[PDB]
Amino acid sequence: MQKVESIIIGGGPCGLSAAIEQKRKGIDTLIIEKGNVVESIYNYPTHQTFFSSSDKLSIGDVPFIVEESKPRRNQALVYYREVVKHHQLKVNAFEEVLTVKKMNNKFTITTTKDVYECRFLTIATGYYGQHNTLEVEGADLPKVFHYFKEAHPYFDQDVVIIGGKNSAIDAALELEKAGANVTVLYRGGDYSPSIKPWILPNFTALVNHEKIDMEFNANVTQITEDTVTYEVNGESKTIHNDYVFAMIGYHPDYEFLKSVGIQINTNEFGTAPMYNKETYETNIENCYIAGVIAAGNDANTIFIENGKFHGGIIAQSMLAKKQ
């Protein structure tokens, strides 16, 4: 098979950051990535603009420099590739990790392509592969999406967005610009505080001009092939509808985490894996986590700017157990 000192699952920004810092401390690493590096950013909507300036998205002392104040999706793609190039990272792409088992102070990794054995393990699988379940009648119709890519094809289509965070407001602005008839249905009373303060004004101006319908305290009750039905303050309303974007968030793959022996916890920030806040070691010895996997659900506690510092934390602890 293959024997590597350390393996990292996930080549997102926090996984990449983990490999660099371990390499800086002389630990030979291998990143195993289900897609290619930073698939998450690759799957952003085409025109997405980050909300961090780009120095705050940079990892391992390769500067992320762009003329705009905030960088776009494709600039991050070009940046993180250069990071891999510059740090000479060993990346196994298009190889999904399917099973991890610990065996006599060693890990046994089974992927869709090979079998590996390693001493240190780092799970940076993030949360984007598992979208929250909608739970209304019709939530499985193919007209329902949990991801937004481009708005052009929904030109002159009656579209509904369920949810109220940055994904919801981003998609509605883009869909309105492309000629969809957009209805946002949000179950809260007022705009979520996590919508970034320099975006909400562009969205709110359009709802005031009767160009987008914004409904608060709205819960969707039924989705058919050509209608959506929602209730507001008890009152049920039914509107014609061609497509539904369920922008209701994501969550980590807990099945995968449990099957390696990692515990769920429920504490200050919700259901999170068990880990040593000071070193990021989990209950399974020599198994670390990095990235938004450490936060759990609340997609506003850990992003790239804080998550990229895990790797350095992991490196100190991994180097320490080298007596």
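Just count from 1 along the sequence shown to find any residue number.
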{"property": "Between the two ranges 128-136 and 196-204, the one averaging a larger CA B factor in the entry", "result": "128-136"}
{"property": "Of 150-158 and 137-145, the one with larger mean CA B-factor", "result": "137-145"}
{"property": "Residue of maximum C-alpha B factor among 58, 297, 36, 69, per deposited coordinates", "result": "297"}
{"property": "Member of 291, 63, 45, 261 with the greatest C-alpha B factor (per the PDB record)", "result": "261"}
{"property": "Residue 280 - Cα temperature factor, lowest/middle/highest third of chain", "result": "middle"}
{"property": "Third of the chain's Cα B-factor distribution that residue 95 belongs to, per the entry", "result": "middle"}
{"property": "Residue 252 by Cα B-factor - lowest, middle or highest third of the modelled chain", "result": "highest"}
{"property": "Ranked C-alpha temperature factor of residue 186 among modelled chain residues, by third", "result": "middle"}
{"property": "Third of the chain, ranked by Cα B-factor, where residue 164 sits", "result": "middle"}
